[PDB]
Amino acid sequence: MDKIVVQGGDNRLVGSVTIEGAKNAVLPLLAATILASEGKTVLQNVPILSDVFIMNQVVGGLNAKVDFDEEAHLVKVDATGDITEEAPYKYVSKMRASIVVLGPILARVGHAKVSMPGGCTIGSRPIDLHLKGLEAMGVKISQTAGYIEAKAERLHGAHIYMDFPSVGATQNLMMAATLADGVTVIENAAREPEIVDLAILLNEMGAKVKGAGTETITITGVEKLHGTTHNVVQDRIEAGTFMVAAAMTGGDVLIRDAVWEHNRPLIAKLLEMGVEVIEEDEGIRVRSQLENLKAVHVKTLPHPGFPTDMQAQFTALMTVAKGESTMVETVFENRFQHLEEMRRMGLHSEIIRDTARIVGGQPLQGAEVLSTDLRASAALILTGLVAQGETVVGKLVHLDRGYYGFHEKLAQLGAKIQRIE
């Protein structure tokens, strides 16, 4: 379909950029609207992304009324009617994150039918942590012709120790627990900012959720939740993507209203590399002198460690620094596909299992490249800014799941970039 075309070199980025609401918070926040049996829920700062339109179809398919005012970045949900139980294959097959309606359907309805997710290109993503935790809460799981068929005669709390701090499983279990009998304790919980924002929404709806952001979340079940109005937290991955873009072009960019505390492990590694990062009244400013950039080691880890969703973009910055950088991806088994396409731009990298070694300063050239996944697409476009000549990036269906107007925002900062239909 469309292509993004970048004229390489001389793309120093200068100016200010507005960041959308978080893709990875709005999807579970929309799932949470099913819990409210009284009042309507309004989410503000909603990003206009393909994944949001799909989740609105999933929630609407449960007999909730979903209205998306795109100009106002607002979604209104009326879940006060009789909620139904099915999340069909036609939606789950297009977006794995659809799975986070399982918990709220079980809490509100007591039974659910959710298509089992299949393979994902960036790694094996089994949902046993979701299903094991729900079984501990009294849910009987069957699987029939591709569907998870879940029944809770009397959903109840459980003391769950997570083998891994799964973001999606933590969200599913927290939401199921809000209307379960008694207390649920999730040990080794995901600590990501999106977990915190979901807990804020649930507490605004009349739930009793404590500890979000720590390794232990405690939920005290209640009889019913109420709708509320809530601003989606800023997208820290879109914010971090523009911080990386500023750093690798020797730019000076103000990322408007960026949250320092969400951006911590990225900001610390940018400061270690020699990038300047300044907290100002209107946002976080990122500036760099290209000759000051030094190679670093990064290891992706569950929050508060370095976020896997920033890894591909950070490897693009490692290409311009001085020395050999090392990126260790521990969260996803197969998230270095962008480094394979970057070979076409002249980038040599050494990949052994979960570790990529990248010598900075190689003389890259623009080439025709194809996106394999959302963050890989952004990493290819960022590398196109610094390569010599013209880069053409295709398979933009991936970029459109998580960035709104990426080429327009880069062009207003001074990049020679166009999106051609």
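Numbers follow the displayed sequence, beginning with 1.
- Averaged over Cα atoms, the B-factor as recorded in the entry is higher for 113-121 than for the other of 217-225 and 113-121.
- The PDB entry reports B-factors from which the mean C-alpha value can be compared for 125-133 and 263-271; the larger average falls on 125-133.
- When the C-alpha B-factors of 292, 203, 326, 171 are ranked from the entry, the top spot goes to 292.
- Per the PDB record, 82 has a higher Cα B-factor than any other of 82, 309, 197, 235.
- Per the PDB record, residue ranking by Cα B-factor puts residue 357 in the middle third of the chain.
- In the deposited entry, the Cα temperature factor of residue 63 places it in the highest third of its chain's modelled residues.
- In this PDB entry, residue 9 carries a Cα temperature factor that places it within the highest third of its chain's modelled residues.
- Ranked within its chain, residue 335 lands in the lowest third, by CA B factor from the PDB record.
- Sorting the modelled residues of the chain by their CA temperature factor places residue 30 in the lowest third.
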